[PDB]
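Asker: chains from the complex, first installment, not repositioned:
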Amino acid sequence: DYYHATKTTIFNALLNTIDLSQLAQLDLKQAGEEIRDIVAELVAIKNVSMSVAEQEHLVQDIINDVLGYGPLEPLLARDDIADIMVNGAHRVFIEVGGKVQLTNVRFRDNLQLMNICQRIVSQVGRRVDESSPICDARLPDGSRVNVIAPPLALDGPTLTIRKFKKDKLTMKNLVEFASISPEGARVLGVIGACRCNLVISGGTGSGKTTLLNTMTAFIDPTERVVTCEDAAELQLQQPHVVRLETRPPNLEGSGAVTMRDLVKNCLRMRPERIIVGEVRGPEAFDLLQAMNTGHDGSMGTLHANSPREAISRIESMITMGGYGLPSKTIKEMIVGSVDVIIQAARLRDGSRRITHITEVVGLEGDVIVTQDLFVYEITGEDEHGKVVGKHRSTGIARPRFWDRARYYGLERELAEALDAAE
Amino acid sequence: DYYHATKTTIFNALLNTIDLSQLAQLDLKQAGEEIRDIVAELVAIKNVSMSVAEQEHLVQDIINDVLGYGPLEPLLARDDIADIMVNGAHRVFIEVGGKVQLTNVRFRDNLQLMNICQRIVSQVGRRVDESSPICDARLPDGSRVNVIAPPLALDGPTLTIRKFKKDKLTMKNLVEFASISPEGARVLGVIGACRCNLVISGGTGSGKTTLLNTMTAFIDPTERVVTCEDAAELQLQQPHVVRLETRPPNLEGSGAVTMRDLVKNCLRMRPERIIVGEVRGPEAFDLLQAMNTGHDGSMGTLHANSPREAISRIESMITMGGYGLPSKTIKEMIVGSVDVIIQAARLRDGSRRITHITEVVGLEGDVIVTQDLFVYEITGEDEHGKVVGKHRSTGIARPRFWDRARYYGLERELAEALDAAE
């Protein structure tokens, strides 16, 4: 129990034994064996007859502290602990079973915690310190890490690790939550696979980003996706992907890099799909070009309650871009570029479901005509206020994108999904 | 007296002997030691000598102006002082015993006062001069500073320092001060505990911060709360609160961490609630994001005089954030994000009261339709000038957030408070 004191006695000697720089040069087990030998020699010199199991545990903990991730290691390796949050050296919380729960784990001081955080976030070659007090990273394992330095967090460094749960956003989850019928799931699979241009319009609180992340899961591994986001949220798991992020202007107003810049660059980066996190300005124009230029299969979220409202929003956005384009030209661009619009909305009872899956068919009389392949129809509600509905296929056997599915060999599945939906 | 004339002569000699640039690289104590050496060098030609208790006092006074905050140093050090105000180099007033009073203290010239003000505002990286003649900031020592430059202040630069006072009220204080009726106390308890998005709009001197503290007091201890503010205005008693503070840029215009960065990070720290010390910039948009993409129950303080005014403030703030968001999009985002607005204002008699408790209902055309749950009605003035008024409920049986109450099992409390509130 008192082995901690022994560690307190030995830690100071460890640095006096071998400099941390020498240990940092090698990640091989040789460092671990050397640390174990040094710890055993120090224990013998101190002449302490501590528990053998306690001695081994102390040696392992010393190795972790010197070169590992400190007391976080038992928590980090555990599979049941979804998320770990640390607020100063004294408090640690873990999200287990979907609920927060405090833990007895502790760190000696904010200095030890800061060293652990710097090691963790430098694993992926990113810096965190009082000069750059805020840092966000994604480890290769897929677990996100976020660290805030003491100069911002008044209670010392704060850290949050969120592990990667795969089956948390897949289309199976959407079907389970009744956000889309299984036939709707099949249709969504076909559309996503066949590189149909997409625009995921959604109302506030509709989880547009979650729907987009689910949709992107159908992209073939070999396609060189490129993602532009105002704030990195998308977690694509394809072997090939490039993640970009905007940079707001500094206090001087200089150094800004807006989404339009990222999309314009992406046009010249040889992508096979452009996944705009959220179209929110003139960048829409450029995105539309990406949809015509040959980067078929791009996607982009947008704020709108109904597909027609989404089209109007895109037109307004392009108009605000300052380009000398009349309404007819903008509508022509939208019709020729966009292939499908998906609408996600938050219903009265707080649930969110895919309300519309519509295909932009063409332009007539400066009015953009759309046909809804799938529509969610409200049929009733419960005494709780829960609103109930059903997904109905409009019966359009041959949507104008049918050729795309045929080229990829998904025509049969598309017909099956459209017919069996009723 | 000879003290002032001797000090002026010594200051003139020191200025003719050295310049501030000669000691800008020295620290406060090092600067004082070098100033003592320079004083000895100057006395070598002036042959000035007096009692140590007086010579050292004169040296300290000279230092207080060479690198300190000028003759304000003896005043700021005091505690009976409530407010300091400077209306030009030749006049300064101080609030003692709750009443203003003229002091014999004086400056040398308006330029010296301007330099002192520049030092005080640069203490937090701010600059006041002809380019930006108006400046406001907070000294982290616990005070608020306002400065106006000569081009606006005709009588020379004007300064105002207001020292912090620890209010830290609790809902019992508000109830006993008649700031809110007991039925209003029950309503606010429900709203706080019900995880309802809540914007505490307030006017000047309304105490829209302490109101935020007492509102937060209702937060469940098990919810991870992350608070963004400046100079740690708030003080929560929950066991799982993360406290963050923005960092003003250094004099080099670098290292700044604005509210936008802190809120965007808090989005990624898995918080159950995001609480903003005060919304005064584009961060509002990022806050609204947090208010709807989960994180139900986030709060935010805003400077506005009326709920309908506060909504316009938020809309303009989002507009100036640089996004090309269509106005209707911003209005829809606000309608779907906010669930309640609380208005705090100071009446003509100087007392703070909760004028409005309103809930955003929806959007009609391009106007946000809101219904007021509680309103404060004024009826006259009493013998001692005190404002006479009472809180009345509109009688709305089922406010929009009712669902949340049902989820949290607070329907009975809310119904009782709304019915008996008349």
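Answerer: Sure, I can see it. Numbering: from 1, shown residues only, chains lettered A, B, ... in the order given.
Asker: what is the neighbour count of the residue of the stretch 251-400 of chain A found nearest chain B?
Answerer: Closest residue of the stretch 251-400 of chain A to chain B, CB to the nearest CB: residue A:281 (3.6 Å). For every residue, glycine as well, the C-beta is placed using N, CA and C. Residues near residue A:281, counting by other CB atoms under 10 Å in any protein chain shown, number 19.
Asker: what's near enough to touch it?
Answerer: Residues near residue A:281 by CB atoms under 8 Å, 6 or more residues apart in numbering or on different chains: A:258-260, A:317, A:320-321, B:323-325.
Asker: of those residues, closest to residue A:276?
Answerer: Minimum distance to residue A:276 across the contacts of residue A:281 is 7.0 Å, recorded for residue A:259 (CB to CB).
Asker: do I have it right that that closest one meets residue A:227?
Answerer: No: with contacts counted by CB atoms under 8 Å, residue A:259 stays clear of residue A:227, the gap being 11.4 Å.
Asker: how about the residues of the stretch 201-350 of chain A that lie near chain B?
Answerer: Contact residues (CB under 8 Å from any CB of the partner chain) of the stretch 201-350 of chain A with chain B: A:203-205, A:207, A:209, A:231, A:248-252, A:258, A:280-282, A:303, A:305, A:313, A:316-317, A:320-321, A:346, A:349-350.
Asker: inside helices: which ones of the residues you listed?
Answerer: Of these, the ones assigned to helices by DSSP state H are A:209, A:313, A:316-317, A:320.
Asker: of those residues, buried ones?
Answerer: A:209, A:313, A:316-317 (16 or more other CB atoms under 10 Å in any protein chain shown).
Asker: those: which two are farthest apart?
Answerer: Top of the distance list for these (CB to CB): A:209 and A:316, 21.7 Å.
Asker: how about the helices in the stretch 1-150 of chain A?
Answerer: Per DSSP state H, counting those that start in this stretch, the stretch 1-150 of chain A carries helices over the ranges A:3-17, A:20-24, A:29-46, A:52-67, A:72-77, A:110-122.
Asker: quick one: contacts of the second one?
Answerer: Residues from elsewhere that reach helix A:20-24, judged by CB under 8 Å, 6+ apart: A:31, A:34-35, A:66-67.
Asker: how about it: buried residues?
Answerer: residue A:23.
Asker: CA atoms of that helix as PDB?
Answerer: Provided in PDB are the C-alpha atoms of helix A:20-24 (Å, rounded to 0.1, in the frame of the first residue of the first chain):
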ATOM      1  CA  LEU A  20      15.200  11.300 -20.200                       C
ATOM      2  CA  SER A  21      16.600  12.300 -23.600                       C
ATOM      3  CA  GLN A  22      18.500   8.900 -23.900                       C
ATOM      4  CA  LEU A  23      15.300   7.000 -23.000                       C
ATOM      5  CA  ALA A  24      13.200   9.100 -25.500                       C
END
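Asker: and that helix, how far out from the chain's middle?
Answerer: 35 Å (CA atoms, centre = their mean, to the nearest Å).
Asker: now do the third one
Answerer: Between the mean C-alpha location of helix A:29-46 and the chain-wide mean there is a distance of 42 Å, by CA atoms, centre = their mean.
Asker: ok, now chain C:
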Amino acid sequence: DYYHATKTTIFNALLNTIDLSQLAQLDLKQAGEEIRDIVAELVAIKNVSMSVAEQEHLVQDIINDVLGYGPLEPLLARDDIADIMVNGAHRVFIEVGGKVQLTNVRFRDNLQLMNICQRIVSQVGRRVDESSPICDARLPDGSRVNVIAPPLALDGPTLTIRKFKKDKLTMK
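Answerer: With chain C added, the chains above now look like this:
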């Protein structure tokens, strides 16, 4: 195995050997002639068992890393490789026969990749850094280059070479 460690040690020794100004001023052949001798002397001091052809290969790799384009150079010299795409130091893809294939060749770390990107775009006189995170250029050879800095690319620089596809879009 040991070749990589010996190369890393020799690279560190060369970096500490002389200032970057001497290498920059010296011509490619002029600098390489002394670099080969320095590498041979370092190997002899280390007494590393290696072949004369292996010694020449190590010298060439050292020259490429220190002053050349690093492990990306062999891909550049190839003809079948039409496009090259680096998604950070740990991922390299090449477009051959109209198909994108991952290749095992990867850089030491994102810092080396950023240095190589700056060297590549220096040919046209353009410079990329954290203050100008985006860069695009057309080298004199005709190959296009697009580079993104880490502050934007959230997983390391995103070098993208697109070699000149002559007669790609002619009237035929």
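Asker: please reconsider the neighbour count of residue A:281 now that chain C is part of the model.
Answerer: Residue A:281 is flanked by 19 other residues according to other CB under 10 Å.
Asker: same deal with residue A:16?
Answerer: 8.
Asker: for chain B, see how far away it is.
Answerer: 33 Å (CB to the nearest CB, to the nearest Å).
Asker: ok, now which ones touch that residue?
Answerer: Here residue A:16 is in contact with no residue (CB under 8 Å, 6+ apart).
Asker: tell me the contacts of residue A:73?
Answerer: residue A:64 are the contacts of residue A:73 under CB under 8 Å, 6+ apart.
Asker: helix, strand or coil for residue A:323?
Answerer: coil (DSSP: H, G, I helix; E, B strand; the rest coil).
Asker: now do the contacts for it.
Answerer: Shown in contact with residue A:323 (CB under 8 Å, 6+ apart): A:282, A:285.
Asker: ok, 7 Å please
Answerer: By CB atoms under 7 Å, 6 or more residues apart in numbering or on different chains, the contact set of residue A:323 is residue A:285.
Asker: quick one: the residue in the stretch 51-200 of chain A that chain C sits nearest to from residue C:113, how far?
Answerer: Nearest to chain C in the stretch 51-200 of chain A, going by CB to the nearest CB, is residue A:125, at a distance of 5.2 Å. Distance, residue A:125 to residue C:113, by CB to CB, to the nearest Å: 10 Å.
Asker: just residue A:144 next, same as before
Answerer: 23 Å.
Asker: nearest residue to the residue in the stretch 201-350 of chain A that chain C sits nearest to in space, please, no chain neighbours.
Answerer: Residue nearest to chain C within the stretch 201-350 of chain A (CB to the nearest CB): residue A:243, separated by 4.7 Å. Distance criterion CB to CB, 6 or more residues apart in numbering or on different chains; nearest residue to residue A:243, sequence neighbours excluded, is residue C:154 at 4.7 Å.
Asker: ok, what's across the strand from the one you found?
Answerer: residue C:156 (DSSP bridges).
Asker: related to what we said a few turns ago, what is the neighbour count of the residue of the stretch 51-200 of chain A closest to chain C?
Answerer: Counted with other CB under 10 Å, residue A:125 comes out at 15.
Asker: what do you get for residue A:353?
Answerer: For residue A:353, using other CB under 10 Å, the count is 22.
Asker: need the phi and psi values for the residue of the stretch 51-200 of chain A closest to chain C.
Answerer: With angles defined as degrees, to the nearest 10, residue A:125 sits at phi 60, psi 50.
Asker: distance of it from chain B?
Answerer: Applying CB to the nearest CB, the value for residue A:125 to chain B is 19 Å.
Asker: repeat that for residue A:417.
Answerer: Applying CB to the nearest CB to residue A:417 and chain B gives a distance of 30 Å.
Asker: is it true that that residue touches residue A:185?
Answerer: No: using CB atoms under 7 Å, residue A:417 is not in contact with residue A:185, being 8.1 Å away.
Asker: okay, those two: which has more neighbours?
Answerer: Counting neighbours by other CB under 10 Å for residue A:417 and for residue A:185 shows that residue A:417 has the greater number, 24 against 19.
Asker: mind listing what residue A:39 touches?
Answerer: A:10, A:59, A:62.
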